[PDB]
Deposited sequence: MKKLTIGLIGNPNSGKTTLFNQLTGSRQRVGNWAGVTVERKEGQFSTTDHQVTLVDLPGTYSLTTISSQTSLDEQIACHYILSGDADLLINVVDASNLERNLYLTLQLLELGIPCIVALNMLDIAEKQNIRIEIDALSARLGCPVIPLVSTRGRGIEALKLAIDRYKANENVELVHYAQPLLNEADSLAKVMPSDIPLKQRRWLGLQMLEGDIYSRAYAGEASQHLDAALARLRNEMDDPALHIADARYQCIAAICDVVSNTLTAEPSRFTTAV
């Protein structure tokens, strides 16, 4: 039977293993990622409507590439198109740090559900999150979990059964020239890669990500000239990409967290 395929992704020590184990139980297998010794781990569970294959991905701060294997493994999987959606396990006690990865996933346009974990930890650090406010800004569902107790697991399963395209909201606000160059690069990348993904790959190349150049086909030959123009228009275009992301996250966090 064709199963619904979900990628489980989050920072290290966010409750991803614990969430995975509560969801799949004994119904899991362990192997290795193709051509490396890093453990690949997946399992099974059901919701009301769906039979799910849950693929645990290695913990990572980001999808940007002495960049660990975990990170390239996670990014390569997200970019494959194998998953129908992702569950982004976010540690509510370190929200701003954890949202770097979330934004990366949201800019790629993959259907996403945020599992907001470590809520008790947030609580007793005197922080609470405005959950719908965060959902409104992310353009995707935000489901609160205390996953060691199994709290919100039913609500997470309910959200899987309602999965749909993220709201294509504006997130990071890049200077227009960076967007114009990302688009020029996008235009000449392989036609079968979705547009949002080609535009993401383009911004990553401009930022200095080397792995991304391998997806970009002949965009790779145009990159030096794109960077020549931007250096004439601004100080450190790559730093501007980065600050744009961090401004975005910080502004979200100001409103959502207290």
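The chain's deposited sequence has unresolved stretches at 66-68, 262-274, with no C-alpha coordinates there.
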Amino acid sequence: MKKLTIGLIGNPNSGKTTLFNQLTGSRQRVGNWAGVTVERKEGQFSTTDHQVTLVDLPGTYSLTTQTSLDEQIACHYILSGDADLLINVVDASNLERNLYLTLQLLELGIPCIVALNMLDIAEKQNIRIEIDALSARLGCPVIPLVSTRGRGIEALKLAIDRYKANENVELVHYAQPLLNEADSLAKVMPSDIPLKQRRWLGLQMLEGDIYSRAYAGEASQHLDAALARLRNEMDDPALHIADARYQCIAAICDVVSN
From here on, numbers count along this sequence of modelled residues.
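If you superpose the two forms and keep the largest set of C-alpha atoms that fall within 1.5 Å, you have the rigid core.
Larger average C-alpha displacement in 5 other deposited structures of this protein, relative to the shown form after a rigid core fit, is seen for 217-225 when comparing 217-225 with 22-30. For 99-107 versus 68-76, the mean Cα distance to the shown form in 5 other deposited structures of this protein after rigid core alignment is larger for 68-76. In the comparison with other entries of the same protein, residue 38 is left without coordinates in at least one third of those covering both sides of it. Stretch comparison (233-241 versus 12-20) by mean CA B-factor in the PDB entry places 233-241 on top. The PDB entry records a higher mean C-alpha B factor for 158-166 than for its counterpart among 158-166 and 97-105. Looking at 220, 204, 46, 60, the one whose CA carries the top B-factor in the deposited record is 220.
Of all the options 177, 141, 81, 152, the entry's greatest CA B-factor is assigned to 152. Among the modelled residues of its chain, residue 181 has a C-alpha B-factor that falls in the middle third according to the deposited record. Ranked against the other modelled residues of its chain, the C-alpha B-factor of residue 216 as given in the entry falls in the highest third. Residue 76: CA B factor in the lowest third of modelled residues in this chain (values from the PDB entry). For residue 255, the recorded CA temperature factor ranks within the highest third of the chain's modelled residues.
Residue-level temperature factors show residue 224 in the highest third of its chain, judged at the C-alpha atom.
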